[PDB]
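Q: Please find final18.txt (compact mmCIF, C-alpha atoms) on the next line:
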# COMPACT_ATOMS: atom_id res chain seq x y z
CA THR A 1 13.87 -16.53 7.47
CA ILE A 2 11.51 -13.59 6.86
CA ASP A 3 13.30 -11.38 4.32
CA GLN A 4 9.92 -11.13 2.56
CA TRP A 5 9.21 -8.54 5.28
CA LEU A 6 10.91 -5.66 3.39
CA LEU A 7 8.01 -6.06 0.93
CA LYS A 8 8.44 -3.49 -1.89
CA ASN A 9 6.42 -5.70 -4.26
CA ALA A 10 2.67 -4.95 -3.93
CA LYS A 11 3.43 -1.22 -3.60
CA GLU A 12 4.01 -1.01 -7.37
CA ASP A 13 1.59 -3.72 -8.58
CA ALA A 14 -1.06 -2.00 -6.43
CA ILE A 15 -0.14 1.67 -6.93
CA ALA A 16 -0.20 1.03 -10.68
CA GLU A 17 -3.95 0.38 -10.39
CA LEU A 18 -4.82 2.68 -7.45
CA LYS A 19 -3.33 5.85 -8.93
CA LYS A 20 -6.25 5.55 -11.37
CA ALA A 21 -8.88 5.16 -8.62
CA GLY A 22 -8.25 8.88 -8.05
CA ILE A 23 -6.49 8.64 -4.66
CA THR A 24 -3.31 10.63 -5.39
CA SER A 25 -2.38 11.42 -1.77
CA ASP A 26 1.23 10.57 -0.86
CA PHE A 27 0.46 9.68 2.77
CA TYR A 28 -1.15 6.40 1.66
CA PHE A 29 1.10 5.57 -1.29
CA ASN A 30 4.28 6.11 0.77
CA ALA A 31 2.83 4.11 3.69
CA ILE A 32 2.08 1.35 1.15
CA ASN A 33 5.75 0.30 1.46
CA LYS A 34 5.73 0.11 5.28
CA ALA A 35 3.21 -2.71 4.80
CA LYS A 36 4.56 -6.10 5.92
CA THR A 37 3.08 -8.47 3.30
CA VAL A 38 0.77 -8.14 0.26
CA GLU A 39 -2.19 -8.43 2.65
CA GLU A 40 -0.75 -5.45 4.53
CA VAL A 41 -0.23 -3.37 1.36
CA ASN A 42 -3.70 -4.00 -0.09
CA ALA A 43 -4.97 -3.76 3.50
CA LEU A 44 -3.67 -0.20 3.96
CA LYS A 45 -5.46 0.69 0.71
CA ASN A 46 -8.76 -0.49 2.23
CA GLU A 47 -8.00 1.89 5.12
CA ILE A 48 -7.97 4.96 2.86
CA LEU A 49 -11.61 4.06 2.18
CA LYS A 50 -12.41 5.16 5.75
CA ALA A 51 -9.30 6.72 7.37
CA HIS A 52 -9.32 9.09 4.38
CA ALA A 53 -12.57 10.67 3.12
With the file now loaded, output its structure as structure tokens.

A:
Amino acid sequence: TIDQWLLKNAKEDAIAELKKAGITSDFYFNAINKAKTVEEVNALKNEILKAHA
């Protein structure tokens, strides 16, 4: 039982506060859904800190 996988939950609760940080790229926001859990969504955001910029 791992339907939680699909995710699609932290991508909006996180994008709603990251779009203000300035990062407006779509390569990170779109990949925010591929995340597995909330730790994977917020985790990808921490990657833009280095992977990007």

Q: Quick one: distance from atom CA of residue 16 of chain A to atom CA of residue 46 of chain A in Å, one decimal?

A: 15.6 Å

Q: May I have the centre and edge lengths, in Å to one decimal, of an axis-aligned box around the listed atoms of segment 40-47 of chain A with 5 Å added to every side, as JSON?

A:
{"center_x": -4.5, "center_y": -1.8, "center_z": 2.5, "size_x": 18.5, "size_y": 17.3, "size_z": 15.2}

Q: Show me, as number ranges by chain, the residues that have an atom within 8 Å of segment 30-43 of chain A when counting all atoms listed in the file, minus same-chain residues fewer than 5 positions from it.

A: A: 4-11, 14

Q: Please identify all polymer residues within 9 Å of residue 28 of chain A, counting all atoms listed in the file, omitting same-chain residues fewer than 3 positions from it, and present them as a CSV table (one decimal) with C-alpha atoms, in the coordinates of the input.

A:
chain,number,residue,atom,x,y,z
A,23,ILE,CA,-6.5,8.6,-4.7
A,24,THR,CA,-3.3,10.6,-5.4
A,25,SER,CA,-2.4,11.4,-1.8
A,31,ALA,CA,2.8,4.1,3.7
A,32,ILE,CA,2.1,1.4,1.2
A,44,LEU,CA,-3.7,-0.2,4.0
A,45,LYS,CA,-5.5,0.7,0.7
A,47,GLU,CA,-8.0,1.9,5.1
A,48,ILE,CA,-8.0,5.0,2.9

Q: So how many Å separate atom CA of residue 22 of chain A and atom CA of residue 51 of chain A, to one decimal?

A: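 Between atom CA of residue 22 of chain A and atom CA of residue 51 of chain A the gap is 15.6 Å.
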